[PDB]
Amino acid sequence: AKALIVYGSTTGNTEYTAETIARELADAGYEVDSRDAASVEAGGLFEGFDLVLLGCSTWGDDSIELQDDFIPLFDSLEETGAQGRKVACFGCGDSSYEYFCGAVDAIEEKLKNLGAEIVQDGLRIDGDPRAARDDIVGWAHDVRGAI
Ligand SMILES: Cc1cc2nc3c(=O)[nH]c(=O)nc-3n(C[C@H](O)[C@H](O)[C@H](O)COP(=O)(O)O)c2cc1C
């Protein structure tokens, strides 16, 4: 399996999360490409992968705002080759906000409309992901077992 992990992270939390998932798929024998959203170009980005994992933190407080580097990508999602692709989403947030990881929910909804296949319910981390490392390892294992 070739897996691509694309993340948006402003304070490094979602990035730490992505690195952790990368390592677990890599340890498992997958070939893993991990890229910060700041640096990708959307056209045909998902072509050639068996699994695509998209990570993004939630901002805005009063409304949902995706992490900044991720916006350009989200906007161009239909140009990715997501139709019929196996995907799963993850993200960091804080449950004291009214839309707790709303970024995850928007990205899943859009992926569904494009015809991607969501292989597992998204990983929504509340707080410091270093305190939820077992939950992240756990999710990475359930995704592998679903493709
Ligand atoms: C000003 C502000 C607004 C935030 N707004 C939201 C929000 O609407 N929903 C949410 O779940 N988390 C929200 N969070 C918390 C971040 O998503 C959380 O800190 C996450 O760990 C940051 O991830 P990152 O470093 O990868 O960008 C906010 C944080 C700040 C400081």
Side-chain angles (χ1 to χ4, degrees), residues 2-26 32-144 146-147:
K2 271 186 65 221
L4 191 223
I5 290 176
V6 187
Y7 65 83
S9 196
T10 291
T11 76
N13 290 327
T14 299
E15 180 178 70
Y16 165 94
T17 308
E19 288 166 342
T20 296
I21 297 158
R23 173 78 291 147
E24 285 308 287
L25 294 189
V32 175
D33 192 333
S34 193
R35 303 188 192 166
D36 184 314
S39 86
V40 308
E41 267 175 277
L45 179 66
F46 310 161
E47 324 219 82
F49 283 104
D50 306 302
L51 177 70
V52 177
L53 291 188
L54 260 20
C56 185
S57 52
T58 310
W59 295 89
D61 183 351
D62 79 285
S63 69
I64 294 169
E65 308 228 56
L66 267 59
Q67 197 272 157
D68 55 272
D69 298 314
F70 208 92
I71 295 160
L73 174 65
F74 184 77
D75 272 346
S76 285
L77 234 30
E78 55 184 67
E79 278 185 55
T80 59
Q83 183 178 300
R85 198 70 54 171
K86 278 168 190 310
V87 301
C89 296
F90 54 99
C92 280
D94 187 312
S95 60
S96 72
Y97 288 95
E98 146 151 66
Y99 303 127
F100 172 53
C101 280
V104 190
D105 313 326
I107 296 166
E108 287 186 350
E109 213 38 54
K110 184 96 221 177
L111 255 2
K112 295 186 249 216
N113 293 323
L114 276 188
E117 190 178 324
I118 292 152
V119 307
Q120 190 62 47
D121 288 330
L123 176 55
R124 290 165 176 82
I125 294 167
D126 180 11
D128 194 335
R130 302 155 190 86
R133 191 165 181 292
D134 305 329
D135 293 315
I136 302 174
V137 164
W139 183 91
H141 250 277
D142 304 352
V143 322
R144 276 206 294 87
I147 57 154

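For the numbers below, each heavy atom of this structure counts, side chains included, while hydrogens, waters and symmetry mates do not. Heads up: numbering here begins at 1 and tracks the sequence.
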Of all heavy-atom pairs between [X] and [Y], which one has the smallest distance, and what is that distance?
X: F49; Y: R85; value: O-NH1, 3.1 Å
X: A82; Y: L111; value: CB-CD1, 4.4 Å
X: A140; Y: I21; value: CB-CG2, 4.3 Å
X: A18; Y: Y7; value: CB-CD2, 3.5 Å
X: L73; Y: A42; value: CD1-CB, 4.0 Å
X: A103; Y: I64; value: N-CG2, 4.0 Å

Show every side-chain hydrogen bond (donor to acceptor under 3.5 Å, both in side chains) that has at least one partner inside [range], sequence neighbours left out.
range: residues 42-54; answer: none
range: residues 68-77; answer: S76-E79
range: residues 127-138; answer: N13-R130, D128-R130

Does [X] reach the main-chain N or O of [Y] with its side chain, forming a donor-acceptor pair under 3.5 Å?
X: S34; Y: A22; value: no
X: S39; Y: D36; value: yes
X: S9; Y: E15; value: yes

(request) Measure the spacing between CD of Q83 and CD of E78 and express it to the nearest 0.5 Å. (result) 11.5 Å
(request) Supply the atom-to-atom distance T58 OG1 to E65 CD, rounded to the nearest 0.5 angstrom. (result) 10.5 Å
(request) Go through the structure and list residues passing side chain to side chain donor-acceptor pair (under 3.5 Å) with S57, not counting sequence neighbours. (result) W59
Give the table of side-chain donor-acceptor pairs shorter than 3.5 Å for residues 87-95, with sequence neighbours excluded, one pair per line with atom names and distance.
residue: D94; atom: OD1; partner: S96; partner atom: N; Å: 3.2
residue: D94; atom: OD1; partner: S96; partner atom: OG; Å: 3.0
residue: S95; atom: OG; partner: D126; partner atom: OD2; Å: 2.7

(message) Could you check whether any side-chain heavy atom of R144 comes within less than 4.5 Å of a side-chain heavy atom of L25, counting everything from C-beta outward?
(response) yes
(message) Does any part of the side chain of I136, heavy atoms only, come nearer than 4.5 Å to the side chain of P129, both counted from C-beta?
(response) yes
(message) For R35 and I5: C-alpha separation, side-chain torsions, deciding distance, then whether side chain to side chain contact (heavy atoms under 4.5 Å, CB included) applies.
(response) CA-CA 6 Å; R35 303 188 192 166; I5 290 176; over 6 Å; no
(request) Determine, stepwise, if the pair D61 / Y99 fulfils side chain to side chain contact (heavy atoms under 4.5 Å, CB included). (result) CA-CA 8 Å; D61 183 351; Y99 303 127; over 6 Å; no
Atom pairs and distances, donor-acceptor, side-chain atoms in residues 113-125, under 3.5 Å, two or more places apart:
residue: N113; atom: ND2; partner: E109; partner atom: O; Å: 3.3
residue: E117; atom: OE1; partner: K86; partner atom: NZ; Å: 2.8
residue: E117; atom: OE2; partner: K86; partner atom: NZ; Å: 3.0
residue: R124; atom: NE; partner: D105; partner atom: OD1; Å: 3.3
residue: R124; atom: NH1; partner: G122; partner atom: O; Å: 3.3
residue: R124; atom: NH2; partner: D105; partner atom: OD1; Å: 2.5
residue: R124; atom: NH2; partner: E108; partner atom: OE1; Å: 3.4

(message) The test is side chain to side chain contact (heavy atoms under 4.5 Å, CB included); show your working for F70 and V40 and say whether it passes.
(response) CA-CA 10 Å; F70 208 92; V40 308; over 6 Å; no
